[PDB]
Amino acid sequence: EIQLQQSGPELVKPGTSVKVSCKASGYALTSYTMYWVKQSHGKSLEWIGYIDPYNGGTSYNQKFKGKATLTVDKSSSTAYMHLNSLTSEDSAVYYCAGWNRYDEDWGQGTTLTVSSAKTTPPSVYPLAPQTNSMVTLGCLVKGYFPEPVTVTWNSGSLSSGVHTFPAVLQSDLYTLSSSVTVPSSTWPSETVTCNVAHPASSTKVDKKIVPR
Amino acid sequence: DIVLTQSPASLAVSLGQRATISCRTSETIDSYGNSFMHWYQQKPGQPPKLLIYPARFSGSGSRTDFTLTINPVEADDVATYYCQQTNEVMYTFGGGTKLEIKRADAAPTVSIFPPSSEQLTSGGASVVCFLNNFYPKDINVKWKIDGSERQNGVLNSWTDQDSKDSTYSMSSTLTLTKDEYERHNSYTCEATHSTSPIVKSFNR
Ligand SMILES: COc1c(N2CCN[C@@H](C)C2)c(F)cc2c(=O)c(C(=O)O)cn(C3CC3)c12
Ligand code: NA
Ligand code: NA
Ligand code: NA
């Protein structure tokens, strides 16, 4: 089969251009046809175009004819999508996928934000709490731009009782929270920390939850 | 051009049940066909996943009308489903079908948290309330500061339907400046749906 790794999130000013990449590994990378798909937040999947690396042929959705250019780097097994004249309508998740008649794979997605607003890291505040069977802890990440942000608990060891809520936008900044419900025996007996990652500002923050 | 029309737009289905999604195309597909027809499942924040290829998901129909059947429906099938037609001149997707799970009513596990010492140092105050694992999605929440209802500086956010228990969760956040927060002492978080209003409170 084939695995696909897309480049990271990007914040760009309106009117500029961006090139996003899809790096491929596995057998017969020349044999797959690569295509790209746009999905605006809460919207449906939209085909941008494809490129066959074997003969170099390309086909574009008429709506992207002026906007998008697909290329493949045979030497480095990387597909590229160049977008130009960016406006806020280009803010979306962009997917890269590759297929042949045996196999298809998709990349994880690249979130692109076209905005005048400036990059801002999150403020991470711990939320600590009755002796029930189970206890709920929380993390508040506030005032960041742009999305996305990633929250994990105990570096990903705690996944079962997590609720991470969609961020919400106010003024020019995003806010979200995530909560963990854990057995009372485990906490405070075991340390539980909240791990927040903000790719755009290149910051990762770890906050241990501590009882007031 | 190839147009794909998917129906229904959304589907509410009980666990264990048989659910079928349709996709009609303007460009007929013969069995030897220029085009292909395929089905995708997308969970929020994830790539679409190719389906079908004794499975629970199965495809039928040829020519213009194509159906996806899920049998039996299970809890983690909550997702949006897309048909895709593949052709040398264009690829296109259907509009998507959102699959909702029907379950029994459930009451929210409420929790409320005071501003943290860190956030108070900063000079702001955020009171956070989690209403976890309730059904149905539609829930109204109000809160009062020492008995006085406040409609200002509240942040609501719903999760997607849970993949395991088919319940929704929600996060309400009340933000006041540091100095406005000091004035009062009693904060309560109130949920609706015996009416049984669930209330959580903290003092000072
Ligand atoms: C990679 O998946 C397939 C695709 N698809 C999957 C849906 N997206 C399109 C772009 C490629 C294809 F367009 C045709 C076939 C075929 O022609 C085929 C076959 O057996 O003839 C099998 N598959 C695999 C089983 C799904 C195919
Ligand atoms: Na350019
Ligand atoms: Na194979
Ligand atoms: Na969830």
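Note: hydrogens, waters and symmetry copies are ignored here, and every other heavy atom, side chains too, is used. Numbers restart at 1 for each chain; the letters A, B, ... are given by sequence-line order, proteins then strands.
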| field | B:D165 versus chain A, the contacting section by heavy-atom distance below 4.5 Å | value | neither
| field | Atom pair CZ (A:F165) and OG (B:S157), whose distance is rounded to the nearest 0.5 Å | value | 7.0 Å
| task | Using a cut-off of under 4.5 Å on heavy-atom pairs, state which of B:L155, B:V128, B:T159, B:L50 scores highest against chain A. | result | B:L155
| task | For the residue pair B:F93 and A:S44, establish whether any side-chain heavy-atom pair is separated by less than 4.5 Å. | result | no
| Residue A:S59 versus chain B: region with a heavy atom under 4.5 Å | side chain
| query | If you draw a 6.0 Å radius around CZ in B:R63, do more than 12 non-hydrogen atoms from other residues or ligands fall strictly inside? | reply | no
| field | Intermediate values then yes/no, side chain to side chain contact (heavy atoms under 4.5 Å, CB included), A:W47 and B:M90 | value | CA-CA 8 Å; A:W47 172 72; B:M90 50 171 93; 3.6 Å; yes
| said: At a 4.5 Å cut-off on heavy atoms, which part of A:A97 comes close to chain B: side chain, backbone, both, or neither? | reply: neither
| Audit row: A:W106, B:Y40, ring-ring contact (aromatic ring centres under 6.0 Å, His included) steps and yes/no | CA-CA 12 Å; A:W106 288 59; B:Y40 289 90; 5.7 Å; yes
| message | Walk me through whether A:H163 and B:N133 qualify under side chain to side chain contact (heavy atoms under 4.5 Å, CB included). | response | CA-CA 9 Å; A:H163 278 335; B:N133 304 82; 3.2 Å; yes
| query | chain B heavy atoms under 4.5 Å from A:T181: which part of the residue, side chain, backbone, both or neither? | reply | side chain
| Among B:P114, B:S116, B:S117, the one residue meeting side-chain contact (heavy atoms from CB on, under 4.5 Å) with A:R212 | B:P114
| remark: Honestly, the part of A:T164 sitting under 4.5 Å from a heavy atom of chain B is backbone
| Where on A:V37 is there a heavy atom nearer than 4.5 Å to chain B: the side chain, the backbone, both, or neither? | side chain
| said: If we define contacts as heavy-atom pairs under 4.5 Å, which of B:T92, B:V89, B:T80 has the most with chain A? | reply: B:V89
| remark: If you tally heavy-atom pairs under 4.5 Å between each of A:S123, A:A128, A:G138, A:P129 and chain B, the highest tally belongs to A:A128
| Do B:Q84 and A:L45 pass the side chain to side chain contact (heavy atoms under 4.5 Å, CB included) test, and can you show the C-alpha distance, the side-chain angles, and the key distance before you say yes or no? | CA-CA 10 Å; B:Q84 172 204 64; A:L45 303 167; over 6 Å; no
| Can you say whether the rings of A:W99 and B:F36 are parallel (under 30°), tilted (30 to 60°) or perpendicular (over 60°)? | perpendicular
| query | In this structure, are over 12 heavy atoms from other groups packed under 6.0 Å from B:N34 atom CG? | reply | no
| Under 4.5 Å from any heavy atom of chain A - which part of B:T109 | neither
| Minimum heavy-atom separation for B:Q42 to A:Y95, with atom names? | NE2-OH, 3.5 Å
| query | What do the steps show when you test B:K200 against A:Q130 for side chain to side chain contact (heavy atoms under 4.5 Å, CB included), and what is the final call? | reply | CA-CA 12 Å; B:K200 236 43 147 49; A:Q130 293 174 333; 3.2 Å; yes
| message | Around atom CG of A:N55, are there more than 12 heavy atoms from other residues, nucleotides or ligands closer than 6.0 Å? | response | yes
| task | Starting at OH of B:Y91, measure out to OH of A:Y50 and round the result to the nearest 0.5 Å. | result | 6.0 Å
| said: Any non-hydrogen side-chain atom of A:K142 less than 4.5 Å from a side-chain atom of B:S126? | reply: yes
| remark: Here the gap from B:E88 atom CD to A:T33 atom OG1, rounded to the nearest 0.5 Å, amounts to 10.0 Å
| Spatial distance of atom CZ (B:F130) from atom OG (A:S177) [nearest 0.5 Å] | 4.5 Å
| query | Between B:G96, B:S111, B:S171, which has the largest tally of heavy atom pairs under 4.5 Å with chain A? | reply | B:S171
| field | For chain A, the option from B:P47, B:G95, B:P115 that forms the most heavy-atom pairs under 4.5 Å | value | B:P47
| query | If you measure only the distance, is there a donor-acceptor pair under 3.5 Å linking the side chains of B:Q46 and A:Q108? | reply | no
| Heavy atoms from other residues, nucleotides or ligands near NZ of B:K98 exceed 12 (cutoff 6.0 Å) | no
| note | Applying a strict 4.5 Å limit to non-hydrogen atoms, the region of B:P48 in contact with chain A is both
| How long is the span from the CD atom in B:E118 to the OH atom in A:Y125, to the nearest 0.5 Å? | 9.0 Å
| query | How long is the gap from OG1 on B:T175 to CG on A:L140, to the nearest 0.5 Å? | reply | 7.5 Å
| query | With only heavy atoms counted, which part of B:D160 is less than 4.5 Å from chain A, the side chain, the backbone, both or neither? | reply | neither
| request: Answer with side chain, backbone, both or neither: which region of A:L137 has an atom nearer than 4.5 Å to a non-hydrogen atom of chain B? | output: backbone
